[PDB]
Amino acid sequence: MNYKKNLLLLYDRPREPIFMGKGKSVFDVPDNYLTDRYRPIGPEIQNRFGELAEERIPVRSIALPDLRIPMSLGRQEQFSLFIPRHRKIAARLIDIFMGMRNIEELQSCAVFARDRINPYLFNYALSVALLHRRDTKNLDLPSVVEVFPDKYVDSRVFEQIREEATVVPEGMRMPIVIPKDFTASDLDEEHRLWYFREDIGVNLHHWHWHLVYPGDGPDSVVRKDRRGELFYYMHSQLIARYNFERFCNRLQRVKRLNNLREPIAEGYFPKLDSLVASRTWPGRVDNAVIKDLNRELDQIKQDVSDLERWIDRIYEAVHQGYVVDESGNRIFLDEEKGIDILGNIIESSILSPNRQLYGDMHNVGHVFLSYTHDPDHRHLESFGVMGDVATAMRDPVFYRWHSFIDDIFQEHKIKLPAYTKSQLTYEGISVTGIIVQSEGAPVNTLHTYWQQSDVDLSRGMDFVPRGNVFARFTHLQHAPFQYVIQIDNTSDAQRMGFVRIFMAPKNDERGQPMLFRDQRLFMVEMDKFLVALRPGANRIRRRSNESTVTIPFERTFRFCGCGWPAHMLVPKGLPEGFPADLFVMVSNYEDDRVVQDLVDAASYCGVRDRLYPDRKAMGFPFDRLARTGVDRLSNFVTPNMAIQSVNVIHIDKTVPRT
Amino acid sequence: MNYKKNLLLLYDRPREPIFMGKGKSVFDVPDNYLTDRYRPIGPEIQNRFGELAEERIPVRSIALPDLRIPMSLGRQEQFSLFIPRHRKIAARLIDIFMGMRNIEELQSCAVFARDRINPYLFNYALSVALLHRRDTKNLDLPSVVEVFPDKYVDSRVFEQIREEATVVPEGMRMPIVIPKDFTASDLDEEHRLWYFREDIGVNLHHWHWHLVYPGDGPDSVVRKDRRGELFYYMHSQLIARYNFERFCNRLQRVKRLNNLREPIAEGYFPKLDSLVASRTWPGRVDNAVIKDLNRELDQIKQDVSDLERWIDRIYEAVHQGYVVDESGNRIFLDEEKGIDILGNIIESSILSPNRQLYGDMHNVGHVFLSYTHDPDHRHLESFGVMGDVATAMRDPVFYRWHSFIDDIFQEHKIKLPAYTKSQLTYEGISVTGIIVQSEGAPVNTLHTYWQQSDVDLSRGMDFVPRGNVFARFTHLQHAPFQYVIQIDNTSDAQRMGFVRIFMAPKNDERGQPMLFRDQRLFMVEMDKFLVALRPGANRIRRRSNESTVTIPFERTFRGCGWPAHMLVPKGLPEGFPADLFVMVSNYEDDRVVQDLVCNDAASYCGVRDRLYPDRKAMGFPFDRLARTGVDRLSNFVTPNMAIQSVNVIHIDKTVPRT
Ligand SMILES: [Cu+2]
Ligand SMILES: [Cu+2]
Ligand SMILES: [Cu+2]
Ligand SMILES: [Cu+2]
């Protein structure tokens, strides 16, 4: 509809008042909808822009809900989905946008609010609403990169764009190359993971997760099947993928934060400038120490001890094997629901059975690490990147904080009974082998390289002359490839299986093969998909671009929604080649299947699907300790599994997007 | 001439290329004078600008000097006069700009050079050039604030302006209020001196000083009479004025940094962002450590030891009573020249007799203090505010560092013989009285308050739509006043005398009458001028706005000197007690042999005048220890001196400037 299309205009040029031209349209804003600054000159000011557009969009003045709480955050402040106050403020706004009777009253409300609410907040809230409302499904939202490039882009380029757009005529403007590996030099060994930590797709992924599984909000948008287990598994796969990258950069597996009271060795300076706050992001010096927090405006008063205490209470619950809700009853951490409950406890969503007792450990850790430079607000400074979902993953200490949290999860995991031979076996199914073929390349060889892709940023360049503004981004990529899987059925009937593909490094940091206790943690999911297997032999062909784990290229670089960005499907590897163990398992779909009756089956959207369609623990079968007598992958396998050695070659060459 | 006026058009919109409109004029640029990016679209550029303009300027293409050293600092990098490499670059550029034969040929060089050189460095280098060429004398250079507002105002206003200019047509635009006391909350007691430390006038002062008494450059520009002594005196009076303000905000006299190993207690976060560099001046956390520097791009590899060695060397010379030449000769630090030699050693100007031995103590300390967050440049960050003349006075640690330096100069000062009673009395001359009169106020009362002043930031808002853009600044101000002085002559002959007026607090921090050993260092110079005294009684009236210490209010807000609105200390609302002192010294001894362009013309400009017009030590008569048996100002005074209690009142109210 036109109405749907019009909401998308609210994303165009966030800080330009709503009465200015958006695309080919203008909003006819009512007098009482103008902000205090503009209302007194309103009729003069609305006309200047209002004689440019093709279209004209009428807005009816109506009675609106109370926006005082959403309006409590300043327009030139930063927005943090980790700071409790702000989550409350966001929760409220999502409530309001969700509860508009229909799309016309949403338009009207959003048009009133936009120029009165912090743009990042507005953008978060609206997006969450639009993804979850009945009347606004479809509706391809613009990427937050095109809307706020300042959270993705070296600050240096904004004046470069401003000059280009002012001096050069539209037909003649050349694209701006976005600096890469720009946040530190060779003296920081950590700089090497620029291609991961600072990837647009990796960071977009983190944001998207938080849009679909918000921790506070109307029940409608919060309660999703096994959202606590997803919190666990999503953060887990990041670590594993991150370690994978570390092994390809002559580095060790990421160390957890041992202790909240020891210095944090990895400084990080983001080089980002928030045009919205009109203030640069603070950085964090090498060897900084977390400090007790007292920020009145933020409403955080929290000693390091409070955090340490929550940690101890959780460990106690995991070791007890149960948690205690507010009524005092015990909820057992069983083998279905334990991970889920525990996920809710640690993130601290509203689905925490007892926030008061277990705390808000994960979020508040983010705040602590983001504010080491101004913990009582005496210097009137905002938080560093760790304080924002959008940018947290750029900072190396993210991986260390989350590695630490992952230990709490691992400690629950290693208490569950190992999978038995019986539980891992599909009878009569056997997987004789699996291989990968790239185009032109040797068998069992994956290739990586650099690629430059463009993004139009015009939508986010407030107060810049109209015109395309193409920005060229350098990012990892792989050559396309397929899997070839030999399976024998031998049952005399058709057998349905779930094909599970993971990949892990072959060796440890020292060149020695990995034991299962360790390797199982390093296994990164590459595919999961359903297959009918006919009696006798089956040769199964699977292209890398069908991965249920990833989203298409275009979903990062121009409605179907997010998963892992495709250009990051494959670890970098090494020029000389990096050995990895590729793994597959075919499990019995009859046991894995969720009833999911209907009057892929592996591709899951949280917005769309009521139940996650796999009854197995996320990360099956690597989520538990091996059964007795197993010590490595080669003796872990059952006949319905198979292993393959794979070489990951990287060529330090660029290609122009094809 | 018209060429003079065209040179000033180069200060307009520093980052906008010179082929775009400047003022109501345009330059016609030889095609080969365009930069690489714009030569190809040269034709589509000449048409796109300037046809709106009235004057058009022909630029003669000429042969130009080797320009690679100035070019070696990048257009989007920061510029510092403390960094030795950057100081050398500016010297070369200055050399070029002063080596052009014509004012016409200078226009051509500058026109060519502008879009190719770092804007900060260009403004600096050209500005020094213009102030010193014999053919560009008496030029009203535009204020740095107007051209580079980004060194002077909270970065939060930049988008406020950009919105106001983009949205509202120029007839209807309102002024942007510049926030005051914006760098820190009342949780930090230092915040109370926002009106001093973050005052634009004061910062402009620091900057203008370094333009007239640059420490590297051509000999013609650097070698000024007693500039080493100025350096001591100028920095000594800043501490004095600072201390006065401290005594009016319930603080103590500033404390030296004890040394370079102890953490610096007082952090500072300036909220400035450079639009030239698209980087910040990083804050400094509380309790930060001075760290050894290895900044390769800046060409600085210096250990804290290296600085401590310099300091120990300088202390050793002061106590010795001589420094040692590069050839091994001794130069004695005597009563006349000692302070001057020492000032050149400590600053380390070119004039230092042995820079290998005594080092570059002052400049390098600044750089050290500005780099604690990134001393080896692994995080690719620029220097804090202390690393920039423009901005250094903003940071509390400026006063701590300069107090540490002052202790070294003081160590020389206390070695000199007390001034004798003979040396102080002017035989026949006797001052019986001094009073201060303001309008509408009781005798012996000064008055301060707050004022708002507008400034046009339009010449400094690159890539923002043209038109007036007014910033409203809030700043201290005093009510005008006059000294009335009664002098009895007693000779039958006319007598000439220097009138030297100082002011100090009556009481120490604890409300106890101050004693000379302390008071003398707290004396703030208020005026110095020559008078002719007829035989018998003379009544001298001297208005505040005549002070030789200051420069007109017009020159701050639309010939080095202190800004007129900061002549008088804040004082207190209940009344703050001070001692006003005046001495009439004998001009026949104070007279300087030189005769240049009515002796009563006391306006001294360092570039204009070859020699400093007073043979006495700067700060006389307070620069030495008291003669035996003087303990307090009451016992110090000779007949040709006089003392008056004065009450300094602050009213917390705001006036629009009359
Ligand atoms: Cu997350
Ligand atoms: Cu997190
Ligand atoms: Cu200075
Ligand atoms: Cu200094």
# chains A, B, ... in the order shown; residues from 1 in each chain; ligands from 1

call {"tool": "closest_atom_pairs", "arguments": {"of": "chain B", "to": "ligand 4", "cutoff": "9 Å", "atoms": "only C-alpha atoms and all ligand atoms", "output": "JSON lines"}}
result
{"residue": "B:82", "atom": "CA", "partner": "ligand 4", "partner_atom_place_in_ligand_line": "1 (Cu)", "distance": 8.5}
{"residue": "B:235", "atom": "CA", "partner": "ligand 4", "partner_atom_place_in_ligand_line": "1 (Cu)", "distance": 7.8}
{"residue": "B:347", "atom": "CA", "partner": "ligand 4", "partner_atom_place_in_ligand_line": "1 (Cu)", "distance": 8.0}
{"residue": "B:362", "atom": "CA", "partner": "ligand 4", "partner_atom_place_in_ligand_line": "1 (Cu)", "distance": 5.8}
{"residue": "B:363", "atom": "CA", "partner": "ligand 4", "partner_atom_place_in_ligand_line": "1 (Cu)", "distance": 6.4}
{"residue": "B:365", "atom": "CA", "partner": "ligand 4", "partner_atom_place_in_ligand_line": "1 (Cu)", "distance": 8.1}
{"residue": "B:366", "atom": "CA", "partner": "ligand 4", "partner_atom_place_in_ligand_line": "1 (Cu)", "distance": 6.2}
{"residue": "B:386", "atom": "CA", "partner": "ligand 4", "partner_atom_place_in_ligand_line": "1 (Cu)", "distance": 8.2}
{"residue": "B:389", "atom": "CA", "partner": "ligand 4", "partner_atom_place_in_ligand_line": "1 (Cu)", "distance": 7.8}
{"residue": "B:392", "atom": "CA", "partner": "ligand 4", "partner_atom_place_in_ligand_line": "1 (Cu)", "distance": 7.7}
{"residue": "B:393", "atom": "CA", "partner": "ligand 4", "partner_atom_place_in_ligand_line": "1 (Cu)", "distance": 8.6}
{"residue": "B:398", "atom": "CA", "partner": "ligand 4", "partner_atom_place_in_ligand_line": "1 (Cu)", "distance": 6.9}
{"residue": "B:399", "atom": "CA", "partner": "ligand 4", "partner_atom_place_in_ligand_line": "1 (Cu)", "distance": 8.8}
{"residue": "B:401", "atom": "CA", "partner": "ligand 4", "partner_atom_place_in_ligand_line": "1 (Cu)", "distance": 7.4}
{"residue": "B:402", "atom": "CA", "partner": "ligand 4", "partner_atom_place_in_ligand_line": "1 (Cu)", "distance": 6.3}
{"residue": "B:405", "atom": "CA", "partner": "ligand 4", "partner_atom_place_in_ligand_line": "1 (Cu)", "distance": 8.8}

call {"tool": "residues_near_ligand", "arguments": {"ligand": "ligand 2", "cutoff": "7 Å", "atoms": "only C-alpha atoms and all ligand atoms", "output": "PyMOL selection string"}}
result
chain A and resi 362-363+366+398+402

call {"tool": "atom_distance", "arguments": {"atom1": "atom CA of residue 429 of chain B", "atom2": "atom CA of residue 578 of chain B"}}
result
25.1 Å

call {"tool": "residues_near_ligand", "arguments": {"ligand": "ligand 3", "cutoff": "8 Å", "atoms": "only C-alpha atoms and all ligand atoms", "output": "VMD selection string"}}
result
chain B and resid 206 to 207 209 to 210 231 234 to 235 389

call {"tool": "select_by_dssp", "arguments": {"residues": "segment 98-234 of chain A", "states": "alpha helix (DSSP H)", "output": "JSON, numbers by chain"}}
result
{"A": [98, 103, 104, 105, 106, 107, 108, 109, 110, 111, 112, 113, 114, 119, 120, 121, 122, 123, 124, 125, 126, 127, 128, 129, 130, 131, 132, 144, 145, 146, 147, 157, 158, 159, 160, 161, 162, 163, 164, 165, 166, 167, 194, 195, 196, 197, 200, 201, 202, 203, 204, 205, 206, 207, 208, 209, 210, 211, 212, 219, 220, 221, 222, 227, 228, 229, 230, 231, 232, 233, 234]}

call {"tool": "interface_residues", "arguments": {"of": "chain B", "to": "chain A", "cutoff": "6 Å", "atoms": "only C-alpha atoms", "output": "ChimeraX atom specification"}}
result
/B:155-156,184-185,187-188,278,285,373,378-380

call {"tool": "residues_near_ligand", "arguments": {"ligand": "ligand 1", "cutoff": "7 Å", "atoms": "only C-alpha atoms and all ligand atoms", "output": "NGL selection string"}}
result
:A and (206 or 210 or 235 or 389)

call {"tool": "residues_around", "arguments": {"residues": "segment 638-654 of chain A", "least_positions_apart": "2", "cutoff": "7 Å", "atoms": "only C-alpha atoms", "output": "number ranges by chain"}}
result
A: 424-426, 429-435, 444-451, 572-586, 636, 656

call {"tool": "residues_around", "arguments": {"residues": "residue 25 of chain A", "least_positions_apart": "2", "cutoff": "9 Å", "atoms": "only C-alpha atoms", "output": "list in words"}}
result
residues 6, 9, 21, 22, 23, 27, 50, 52, 53, 54, 55, 56 and 57 of chain A

call {"tool": "closest_residue", "arguments": {"among": "A:308, A:296, A:325, A:406", "to": "residue 347 of chain A", "atoms": "only C-alpha atoms"}}
result
A:406

call {"tool": "closest_residue", "arguments": {"among": "A:148, A:244, A:404, A:232", "to": "residue 256 of chain A", "atoms": "only C-alpha atoms"}}
result
A:404

call {"tool": "atom_distance", "arguments": {"atom1": "atom CA of residue 357 of chain A", "atom2": "atom CA of residue 624 of chain A"}}
result
27.8 Å

call {"tool": "residues_around", "arguments": {"residues": "residue 107 of chain B", "least_positions_apart": "5", "cutoff": "9 Å", "atoms": "only C-alpha atoms", "output": "PyMOL selection string"}}
result
chain B and resi 3-4+6-7+59-60+102+112

call {"tool": "write_last_selection", "arguments": {"atoms": "N, CA and C atoms", "output": "short mmCIF file (atom, residue, chain, number, x, y, z; two decimals), in the first residue's frame"}}
result
data_model
loop_
_atom_site.label_atom_id
_atom_site.label_comp_id
_atom_site.auth_asym_id
_atom_site.auth_seq_id
_atom_site.Cartn_x
_atom_site.Cartn_y
_atom_site.Cartn_z
N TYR B 3 45.13 43.84 -2.95
CA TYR B 3 45.78 42.55 -2.79
C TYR B 3 45.74 42.16 -1.31
N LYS B 4 46.06 43.13 -0.44
CA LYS B 4 45.86 42.91 0.98
C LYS B 4 44.49 42.28 1.22
N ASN B 6 42.37 40.69 -0.65
CA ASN B 6 42.18 39.37 -1.25
C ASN B 6 42.85 38.29 -0.39
N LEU B 7 43.97 38.65 0.28
CA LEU B 7 44.66 37.70 1.13
C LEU B 7 43.73 37.22 2.25
N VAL B 59 44.44 35.61 -10.92
CA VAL B 59 45.62 35.13 -10.24
C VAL B 59 46.67 34.83 -11.29
N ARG B 60 47.82 35.51 -11.21
CA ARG B 60 48.89 35.24 -12.16
C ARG B 60 49.55 33.92 -11.81
N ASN B 102 56.64 40.20 -4.06
CA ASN B 102 55.50 41.09 -4.23
C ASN B 102 54.44 40.69 -3.22
N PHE B 112 47.64 28.88 -4.60
CA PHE B 112 48.09 27.54 -4.99
C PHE B 112 48.15 26.62 -3.77
#

call {"tool": "atom_distance", "arguments": {"atom1": "atom CA of residue 419 of chain B", "atom2": "atom CA of residue 238 of chain B"}}
result
24.2 Å

call {"tool": "residues_around", "arguments": {"residues": "segment 548-564 of chain A", "least_positions_apart": "4", "cutoff": "6 Å", "atoms": "only C-alpha atoms", "output": "VMD selection string"}}
result
chain A and resid 138 140 201 527 603

call {"tool": "closest_residue", "arguments": {"among": "B:554, B:296, B:407, B:395", "to": "residue 376 of chain B", "atoms": "only C-alpha atoms"}}
result
B:296

call {"tool": "select_by_dssp", "arguments": {"residues": "segment 445-526 of chain B", "states": "strand (DSSP E)", "output": "ChimeraX atom specification"}}
result
/B:445-456,470-478,481-488,495-505,524-526

call {"tool": "closest_residue", "arguments": {"among": "B:467, B:321, B:99, B:343", "to": "residue 171 of chain B", "atoms": "only C-alpha atoms"}}
result
B:467

call {"tool": "closest_residue", "arguments": {"among": "B:323, B:153, B:643, B:345", "to": "residue 270 of chain B", "atoms": "only C-alpha atoms"}}
result
B:153

call {"tool": "closest_residue", "arguments": {"among": "B:280, B:422, B:458, B:352", "to": "residue 12 of chain B", "atoms": "only C-alpha atoms"}}
result
B:458

call {"tool": "decode", "arguments": {"residues": "segment 257-272 of chain B", "atoms": "N, CA, C and O atoms", "output": "PDB file, in the first residue's frame"}}
result
ATOM      1  N   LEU B 257      52.215  19.868  39.498  1.00  0.00           N
ATOM      2  CA  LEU B 257      52.568  18.467  39.378  1.00  0.00           C
ATOM      3  C   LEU B 257      53.797  18.292  40.251  1.00  0.00           C
ATOM      4  O   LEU B 257      54.655  19.157  40.223  1.00  0.00           O
ATOM      5  N   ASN B 258      53.818  17.229  41.066  1.00  0.00           N
ATOM      6  CA  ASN B 258      54.921  16.986  41.986  1.00  0.00           C
ATOM      7  C   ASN B 258      56.125  16.553  41.166  1.00  0.00           C
ATOM      8  O   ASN B 258      57.248  16.960  41.443  1.00  0.00           O
ATOM      9  N   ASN B 259      55.842  15.777  40.115  1.00  0.00           N
ATOM     10  CA  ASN B 259      56.853  15.124  39.301  1.00  0.00           C
ATOM     11  C   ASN B 259      56.138  14.434  38.150  1.00  0.00           C
ATOM     12  O   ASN B 259      54.926  14.606  37.997  1.00  0.00           O
ATOM     13  N   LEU B 260      56.874  13.602  37.404  1.00  0.00           N
ATOM     14  CA  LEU B 260      56.321  12.995  36.208  1.00  0.00           C
ATOM     15  C   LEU B 260      56.036  11.513  36.397  1.00  0.00           C
ATOM     16  O   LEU B 260      55.822  10.812  35.410  1.00  0.00           O
ATOM     17  N   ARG B 261      56.070  11.017  37.634  1.00  0.00           N
ATOM     18  CA  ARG B 261      55.806   9.605  37.860  1.00  0.00           C
ATOM     19  C   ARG B 261      54.442   9.439  38.497  1.00  0.00           C
ATOM     20  O   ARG B 261      53.739   8.488  38.195  1.00  0.00           O
ATOM     21  N   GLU B 262      54.083  10.376  39.370  1.00  0.00           N
ATOM     22  CA  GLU B 262      52.793  10.371  40.037  1.00  0.00           C
ATOM     23  C   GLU B 262      51.655  10.527  39.028  1.00  0.00           C
ATOM     24  O   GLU B 262      51.725  11.333  38.101  1.00  0.00           O
ATOM     25  N   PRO B 263      50.561   9.749  39.142  1.00  0.00           N
ATOM     26  CA  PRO B 263      49.406   9.950  38.274  1.00  0.00           C
ATOM     27  C   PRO B 263      48.887  11.370  38.400  1.00  0.00           C
ATOM     28  O   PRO B 263      49.014  11.985  39.466  1.00  0.00           O
ATOM     29  N   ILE B 264      48.287  11.857  37.308  1.00  0.00           N
ATOM     30  CA  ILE B 264      47.656  13.157  37.318  1.00  0.00           C
ATOM     31  C   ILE B 264      46.229  12.958  37.796  1.00  0.00           C
ATOM     32  O   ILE B 264      45.451  12.250  37.157  1.00  0.00           O
ATOM     33  N   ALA B 265      45.915  13.570  38.939  1.00  0.00           N
ATOM     34  CA  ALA B 265      44.623  13.410  39.605  1.00  0.00           C
ATOM     35  C   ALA B 265      43.479  13.838  38.697  1.00  0.00           C
ATOM     36  O   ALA B 265      42.520  13.098  38.537  1.00  0.00           O
ATOM     37  N   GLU B 266      43.628  15.030  38.111  1.00  0.00           N
ATOM     38  CA  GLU B 266      42.543  15.770  37.494  1.00  0.00           C
ATOM     39  C   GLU B 266      42.482  15.371  36.031  1.00  0.00           C
ATOM     40  O   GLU B 266      43.379  15.729  35.263  1.00  0.00           O
ATOM     41  N   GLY B 267      41.427  14.608  35.687  1.00  0.00           N
ATOM     42  CA  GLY B 267      41.077  14.291  34.311  1.00  0.00           C
ATOM     43  C   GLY B 267      40.402  15.475  33.628  1.00  0.00           C
ATOM     44  O   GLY B 267      40.036  16.438  34.295  1.00  0.00           O
ATOM     45  N   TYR B 268      40.232  15.399  32.303  1.00  0.00           N
ATOM     46  CA  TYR B 268      39.563  16.464  31.580  1.00  0.00           C
ATOM     47  C   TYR B 268      39.123  15.978  30.209  1.00  0.00           C
ATOM     48  O   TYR B 268      39.944  15.467  29.443  1.00  0.00           O
ATOM     49  N   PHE B 269      37.836  16.221  29.913  1.00  0.00           N
ATOM     50  CA  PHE B 269      37.202  15.811  28.675  1.00  0.00           C
ATOM     51  C   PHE B 269      36.604  17.018  27.978  1.00  0.00           C
ATOM     52  O   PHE B 269      35.554  17.517  28.378  1.00  0.00           O
ATOM     53  N   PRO B 270      37.270  17.533  26.929  1.00  0.00           N
ATOM     54  CA  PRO B 270      36.915  18.844  26.360  1.00  0.00           C
ATOM     55  C   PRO B 270      35.657  19.003  25.485  1.00  0.00           C
ATOM     56  O   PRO B 270      35.203  20.123  25.261  1.00  0.00           O
ATOM     57  N   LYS B 271      35.073  17.904  24.998  1.00  0.00           N
ATOM     58  CA  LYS B 271      33.853  17.959  24.200  1.00  0.00           C
ATOM     59  C   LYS B 271      34.049  18.727  22.884  1.00  0.00           C
ATOM     60  O   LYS B 271      33.064  19.187  22.301  1.00  0.00           O
ATOM     61  N   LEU B 272      35.311  18.860  22.432  1.00  0.00           N
ATOM     62  CA  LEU B 272      35.651  19.438  21.143  1.00  0.00           C
ATOM     63  C   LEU B 272      35.868  18.342  20.100  1.00  0.00           C
ATOM     64  O   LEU B 272      36.429  17.300  20.417  1.00  0.00           O
TER      65      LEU B 272
END
